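Worksheet: one structure, shown below.
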Amino acid sequence: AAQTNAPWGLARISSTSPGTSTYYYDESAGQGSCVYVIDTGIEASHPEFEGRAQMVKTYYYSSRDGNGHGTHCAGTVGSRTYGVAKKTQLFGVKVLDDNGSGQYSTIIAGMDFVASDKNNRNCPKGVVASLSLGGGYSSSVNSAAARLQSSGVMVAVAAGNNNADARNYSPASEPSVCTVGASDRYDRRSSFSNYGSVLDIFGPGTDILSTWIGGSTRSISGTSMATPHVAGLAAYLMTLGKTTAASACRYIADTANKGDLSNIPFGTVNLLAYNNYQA
């Protein structure tokens, strides 16, 4: 399938070169998979989600996304126009308040929630969790991410936006999950992207158009935007049967575009997420 005039990041993930604008992908489109977006919520009523998104858990007075960040990330996973995996099921877990903040204890509870809640959902092709959040190093936060991954969920986490080594941030620093840095449309490391040995992969993260609250759209930047590209890619590849939740990060690294990004510090992987779809 071909989506013309796609957001640059979608075109990038199906291309061996920057500078194109059509996204190519197998029409299975993540059907039968599920992606949890652990964030500020999801505006499930947005026409872009086509009834495929729902809130399943909140720790606050509402499950609605009063911020936009979670809706934007969910849109990059799975919206019809802005999403990588256009037929996946999206499940929102609101661990962040409408200011975008959350206590680590709530975030940990949300990860353990997903590890159990997947057993209440129909995801025959597999389960992914996208975590566009983080703070300073916490062994307990890393352990929660490791448990979620161990339970059979492909965990993708943001590297962070500090232009620093991600070893000092959580859950970015957890070895067993997929830690995602950000790149721009010219294949440069995003100016804010964390780096370091703990990163597994880069995805598009600068000037990413996606859904927003109030039935709208906007373009924003962050490792928060790169992470759902990788989460959606994992769901798409799991639906194709090419990989599993336990192996998808490694498979994405195996099959990435290699050596094409600029300003990658010595010791950080030079790997850009790529679907290897041959139309």
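Please compute one quarter of the surface area of the Cα convex hull for the chain and express it in square nanometres. Working shown, then result.
On the way: hull surface 47.9 nm².
The orientation-averaged projected area of the Cα hull of the chain comes to 12.0 nm².
The HN-Hα couplings worked out from phi for segment 215-221 by the Karplus form 6.51 cos²θ - 1.76 cosθ + 1.60 (θ = phi - 60°) are x, 10, 9, 6, 10, 9, 10 Hz, whole numbers, x standing for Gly and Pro. Note on the chain: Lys pairs 8 or more places apart or on different chains, Cα atoms under 19 Å apart, count 9. Computed from label points 7 Å out along Cα-Cβ, the spacing between residue 1 and residue 101 is 4.0 nm. For the chain, the membrane-span-like helix rule (DSSP H, alpha carbon extent of at least 18 Å along the helix axis, mean Kyte-Doolittle at least -1.0) picks out 104-117, 223-239; this says nothing about an actual membrane.
Please give the Cα centre distance for segment 264-279 versus segment 1-41, rounded to the nearest Å. If you average the Cα positions of each part, the centres end up 15 Å apart. Amide H contacts for residue 212 (H built 1.01 Å from N in the peptide plane; partners 5 or more residues away or on another chain; cut-off under 5 Å): 217, 218. 3J(HN,Hα) along segment 263-273: 6, 8, x, 3, x, 9, 4, 10, 9, 10, 3 Hz, from the Karplus curve 6.51 cos²θ - 1.76 cosθ + 1.60 with θ = phi - 60°, whole Hz, x for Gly and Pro. Within segment 77-234, the proportion of Cα pairs with more than 26 Å between them is 22 percent.
The numbers here are math on the coordinates, done by the rules we state, and not lab data. Ideal geometry is used to build each Cβ from the backbone, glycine not excepted, and the neighbour counts take in all protein chains shown.
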